[PDB]
Amino acid sequence: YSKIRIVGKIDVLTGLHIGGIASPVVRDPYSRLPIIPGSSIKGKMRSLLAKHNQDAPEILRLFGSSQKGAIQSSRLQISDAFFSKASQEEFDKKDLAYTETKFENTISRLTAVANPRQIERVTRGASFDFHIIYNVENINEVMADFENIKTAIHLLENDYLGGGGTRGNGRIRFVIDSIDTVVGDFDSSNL
Amino acid sequence: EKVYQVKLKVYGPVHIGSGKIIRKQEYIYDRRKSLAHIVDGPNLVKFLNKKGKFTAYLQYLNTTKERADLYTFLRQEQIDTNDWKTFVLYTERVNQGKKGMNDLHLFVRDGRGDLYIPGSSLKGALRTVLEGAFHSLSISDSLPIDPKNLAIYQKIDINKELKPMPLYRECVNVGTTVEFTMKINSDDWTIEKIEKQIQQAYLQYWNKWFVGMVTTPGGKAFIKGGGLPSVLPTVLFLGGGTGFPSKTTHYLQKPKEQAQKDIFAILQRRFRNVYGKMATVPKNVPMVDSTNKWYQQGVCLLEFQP
Amino acid sequence: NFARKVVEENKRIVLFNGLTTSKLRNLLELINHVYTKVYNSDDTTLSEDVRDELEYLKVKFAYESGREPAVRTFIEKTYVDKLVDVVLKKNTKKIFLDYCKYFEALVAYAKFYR
Amino acid sequence: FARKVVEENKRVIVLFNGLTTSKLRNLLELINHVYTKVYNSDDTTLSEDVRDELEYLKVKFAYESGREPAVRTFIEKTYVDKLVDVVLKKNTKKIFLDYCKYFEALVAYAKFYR
RNA sequence: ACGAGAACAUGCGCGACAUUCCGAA
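Residues numbered from 1 in each chain as written, not as in the entry; some residues may be left out. Chains lettered and ligands numbered in written order. Part of a larger assembly, values for the part shown. Heavy atoms only, no water. Residues with missing side-chain atoms left out of burial classes, pairs and counts.

Structure determination for this entry is recorded as cryo-EM, at 3.05 Å resolution.

Now the structure itself:
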């Protein structure tokens, strides 16, 4: 049993909105800064991996299964991605708030009447420190699972994350600080 | 799922509304230079305190409640020209058709303060083109464009004659290429389908409304000035104020005459003051720059490249 | 705190011709912008930039007063500009919070009465 | 009394003209946050900090009334706005806890009759 | 020179497994 800890930065390219103004973005209460919930990330990668509870057996072991009579622990433990300290200091260098407001006219074609609405998005350029843990139960399946992790992250870098991304929301870019084995003897450089 | 790069060619000024309108007190404007200098809040106030004119400005506000131009205040105090430019955000060229300007509409800006065009503007314009689940159709916000391209333009109404409007809007100048990233699913929508649909949408819009504009003598003057670019393929109207008939399901889903009488009917219900009192269907409904060549507001062209 | 009696007297159903949901909003969005700035600072006393943003806050107050006389009558009745002068002198976060909670009070009571 | 008001405004199920626990979650989250503040302090009288925060609860009561019409009808019929006044008048923990029990009994019967 | 006198209701045990605040403009 080994633990390999993927620490990195998810830099947001567009207006990112995860709304838990029509919908304010979710915020960590302690610092009142915007936050990307780890469940938002994990759900998005799991859905995109499944597309690309009844899922493929590879996906079931990767993100967890709750099937009756056969329960598999989630090999992936996506944690909340908090607002980066470096990005927050970068924002403070300007007279810039961490969250912008986006407006939409929402015109109905039948009546030619537009209903205004507001969406609170984390401004473009914000960075979040993402924490990812992979649990090693089968040693021989780590390389295959990490390939599918790359597939999930690649899909995320092409897709959106939270909010209505079909209109240019929540687009992200993933950079990785280091993928090192925090507990156990597993080789980090292979992954 | 395939990724297409999208390029927008700004053949006409585009102004997306951000809900922010600023009056003349929030930005300098030189009538002789026809130039507007955008002024932010705190920088103007802190400089005013340093020069000691904060009391004088408040007195100027009290003397004239109806209108207290910032430029006239700078002229009467004879402050240094570079002092005026110290608190300036940026410089934008003004294209007035009227002389001063009453209001100034702001082009949408992100948090960082640069000009960008939202993916919801393209999503809304593209949807009206197709109409006549959209979950596959995914767009992304454009990369920021240079601030120099932003300039103030004036709305012009053409009802058998050219008529300037007191309203001003911030629009991107012509000769601009902005980039998008669009992801599509080969099942629901195809690249060939969307480009063909846009071309048909512009054509039906052209022969149902724009030709009616040309027939009137006011349209002829607009044409002779170059208002309609000779390039006009795929044509869209992203900016607001580009016209009610543009990007409508009425023209595509109804005959030319039936859609026009429905447009007149809905216009008279919404605008009872003017359209409502009209008792006849017009021959063309609705009846409604520093550079020498005139431009039509909102005119733009897409191009999708795999 | 005292906003309820203020908005009750100023109410004319709408508060006034100029105190609609959009004309007032412009003021409370500047109040919002400063409110987040003080919220994120997490300091006992307001910073110089906080005061600089407060300086424009009453400048915008007279800006809207000149544009719309209805805003001027509301501002002079609330003495809200006076509280803007009052908060700078004390120069403390809790005082700014009380002023902005009062700021949320006028708008909340205005919505409640309409 | 809590069972009476819920009974009277229970309509066929539409309660308080369309009030759900999601509409009240903003108000009650503040009310039980205030409850933990009063619960922890061993004082026969409400704290000064609690009193100012309860005043903000009164402001939020009007703000939610203006936003959601169902919540507005809920507050007026209950007099929970008036009950937040008398607890500040008496300024005692025991009266306030009776008010929190009243609001808890209110949403309890509200869920019971749905 | 008390039906007395001695005697731990005690040991092991995650409130846990899957779950995009999301589609539409």
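S.K.: How should I be thinking about the interface of chain D and chain C in this particular structure?
M.R.: Note on interface size: it is often stated as the accessible area lost on association of the parts. Taken residue by residue, the interface counts ten residues in chain D and ten residues in chain C. Between chain D and chain C the total buried area reaches about 910 Å² when both faces are included, carbon and sulfur atoms providing 61% of it. Looking only at chain D, the three residues that lose the most surface to chain C are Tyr56, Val59 and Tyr63 of chain D, adding up to 44% of its buried area. Applying the counting rule to chain D against chain C returns one salt bridge. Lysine 60 of chain D serves as the salt-bridge partner of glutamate 104 of chain C, at 3.7 Å between the closest nitrogen and oxygen. Between the two partners, chain D and chain C, sit three residue pairs in polar contact. Per-element tally for the side of chain D that touches chain C: the top contributor is helix α3 (residues 48-67) of chain D, with nine residues. The residue makeup of the side of chain D that touches chain C, split by class, is four nonpolar, two polar and four charged. (Contact = heavy atoms within 4.5 Å. Buried area = accessible area lost by both parts, 1.4 Å probe. Salt bridge = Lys/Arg side-chain N within 4 Å of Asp/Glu carboxyl O. Polar contact = N/O pair within 3.5 Å; in protein donor to acceptor, adjacent residues only side chain to side chain. Helix = DSSP H or I, 4+ residues; strand = E, 2+ residues; numbered from the N terminus. Nonpolar A, V, L, I, M, F, W, Y, C, P; charged D, E, K, R; others polar.)

S.K.: Please clarify how the protein's contact with RNA strand E should be interpreted in this entry.
M.R.: Lining the immediate environment of RNA strand E, one finds 34 residues, of which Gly19, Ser39, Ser40, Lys42 and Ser74 of chain A sit closest. Counting only the atoms of RNA strand E within 4 Å of the protein, the fraction contributed by sugar and phosphate is 71%. Within the backbone of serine 65 of chain A, a nitrogen or oxygen atom sits 2.8 Å from a sugar or linking oxygen of RNA strand E. Interatomic distance of 2.9 Å between a side-chain N/O atom of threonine 166 of chain A and a phosphate oxygen of RNA strand E. At the level of elements, α1 (38-51) of chain A together with α5 (119-130) of chain B are the ones that each hand at least two residues to the surface near RNA strand E. No other element matches α1 of chain A, which puts seven residues into the surface near RNA strand E. Broken down by class, the residue content of the surface near RNA strand E amounts to eight nonpolar, 19 polar and seven charged. (Near = heavy atom within 4 Å.)

S.K.: Just checking my understanding: could you explain the packing of helix α1 (residues 41-51) of chain B against helix α3 (residues 48-67) of chain C for this structure?
M.R.: The packing of two helices is summarised by the inter-axis angle and the distance between the axes. Axis separation between α1 of chain B and α3 of chain C bottoms out at 8 Å; the angle between their running directions is 90°. Comparing the axis directions of α1 of chain B and α3 of chain C gives the class roughly perpendicular. Touching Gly41, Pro42, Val45 and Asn49 of chain B of α1 of chain B are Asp52, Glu53, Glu55, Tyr56 and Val59 of chain C, all from α3 of chain C. Of the residues assigned to the contact of α1 of chain B with α3 of chain C, the class counts are four nonpolar, two polar and three charged. (Axes fitted to C-alpha atoms, helices over the stretch in contact; angles between N-to-C directions. Parallel < 35°, antiparallel > 145°, perpendicular 65-115°, else oblique.)

S.K.: So what exactly am I meant to see when it comes to the interface of chain B and chain A here?
M.R.: Taken together, the contacts link 31 residues of chain B with 26 residues of chain A. Between chain B and chain A, roughly 2200 Å² of surface is buried when both sides are summed, and carbon and sulfur atoms account for 48% of that area. Here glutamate 90 of chain A ties to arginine 112 of chain B by a salt bridge, and the two come within 3.3 Å at their closest N and O atoms. Across the contact surface, chain B and chain A share twelve residue pairs in polar contact. Those elements that provide at least two residues to the side of chain B that touches chain A are α5, β9 (177-184), α8 (249-253) and α9 (256-270) of chain B. Sorting elements by how many residues they give to the side of chain B that touches chain A places α5 of chain B first, with four residues.

S.K.: Would you mind showing me how to read the environment of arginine 121 of chain A here?
M.R.: Relative to the helices and strands, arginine 121 of chain A is located in strand β8 (residues 117-122). Apart from the residues within four sequence positions on either side, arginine 121 of chain A is in contact with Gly15, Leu16, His17, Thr99, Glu100, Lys102, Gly168 and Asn169 of chain A together with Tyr116 and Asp141 of chain B.

S.K.: Sorry if this is basic, but what is going on with the side chain of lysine 58 of chain C here?
M.R.: All names here are of chain C. The residue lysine 58 is located in helix α3 in this model. Look at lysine 58: it is buried, it has no salt bridge, and the nearest opposite charge is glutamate 55 at 4.6 Å. Among the polar contacts listed, one links the side chain of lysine 58 to the backbone oxygen of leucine 54, at a separation of 2.8 Å. Not counting the four nearest positions on each side in its chain, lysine 58 is found in contact with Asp81, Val84, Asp85 and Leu88. (Buried < 20%, exposed > 50% of the residue type's maximum accessible area, 1.4 Å probe, protein only. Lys, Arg positive; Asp, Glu negative; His and termini not counted.)

S.K.: Hey, could you run me through the nonpolar core in this one?
M.R.: Looking at soluble globular proteins, one finds that nonpolar side chains tend to be buried together. Within the largest apolar cluster, 70 residues are counted, with the highest numbers of intra-cluster contacts made by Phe96 of chain C together with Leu57, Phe61, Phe74 and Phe96 of chain D. Residue contributions to this core peak at ten residues, all from helix α6 (residues 93-113) of chain C. Filtering out sequence-adjacent residues up to four positions away, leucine 57 of chain D remains in contact with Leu27, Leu30, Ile31, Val84 and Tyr99 of chain D. One finds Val26, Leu62, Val122 and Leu155 of chain A within the second-largest nonpolar core, a separate group that totals 43 residues. (Core = buried A, V, L, I, M, F, W, Y, C linked by side-chain atoms within 4.5 Å.)

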